[PDB]
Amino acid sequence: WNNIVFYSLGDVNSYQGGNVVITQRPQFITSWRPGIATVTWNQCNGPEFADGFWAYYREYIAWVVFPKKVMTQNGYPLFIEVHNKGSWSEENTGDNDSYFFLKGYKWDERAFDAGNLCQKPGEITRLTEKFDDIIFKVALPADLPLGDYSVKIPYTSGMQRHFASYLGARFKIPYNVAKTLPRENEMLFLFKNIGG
């Protein structure tokens, strides 16, 4: 059997880009913040609870799905580009609308730990793991009005936890499903367009 549960993080953060001109590509840093996660998706055909007497195997993969474009409040498109993905595995690069970053750091790990191996959507748990930052840069359209900007950029980040009854178990949430997961995180990108 295989049980996979996606635990979604949902913090809001700000990044000050300062004064910028439309010929520049201001950057912003997206950091992974340990916190409370909410199940937003699962797929299970195994047992619901492990009572401590039985073994199962863990495969954990961190995910970040980030938009390639975002509209400003006043109606202008900002183009998001990856500047430094750190150790993240940037995949499904052909998608026109979103970046997909994954970090599979645990696999084939046998455990007897008691717990709920298929929490339902809405359930929560605390994620204490830390992952690398991702630095993005933004291209501003030349026709962007001058002034202060506070751009809300929704995105998904979370932990895919896969429990299985056997060794060598592998599962990755399909990109097409991931792209649709609730985007509970928010980067609030601030900057003042002084021209150019």
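Throughout, we count residues from 1 along the sequence that is shown.
When the mean C-alpha temperature factors of 187-195 and 2-10 are read from the deposited coordinates, 187-195 comes out higher.
The mean Cα B-factor in the deposited entry runs higher for 66-74 than for the other of 157-165 and 66-74. The residue among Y149, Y60, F131, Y57 whose C-alpha carries the highest B-factor in the deposited model is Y149. When the modelled residues of the chain are ordered by their C-alpha B factor, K120 lands in the middle third. Annotation for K106: C-alpha temperature factor in the lowest third relative to the rest of the modelled chain, per the entry. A37: CA B factor in the lowest third of modelled residues in this chain (values from the PDB entry). In this PDB entry, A139 carries a Cα temperature factor that places it within the lowest third of its chain's modelled residues.
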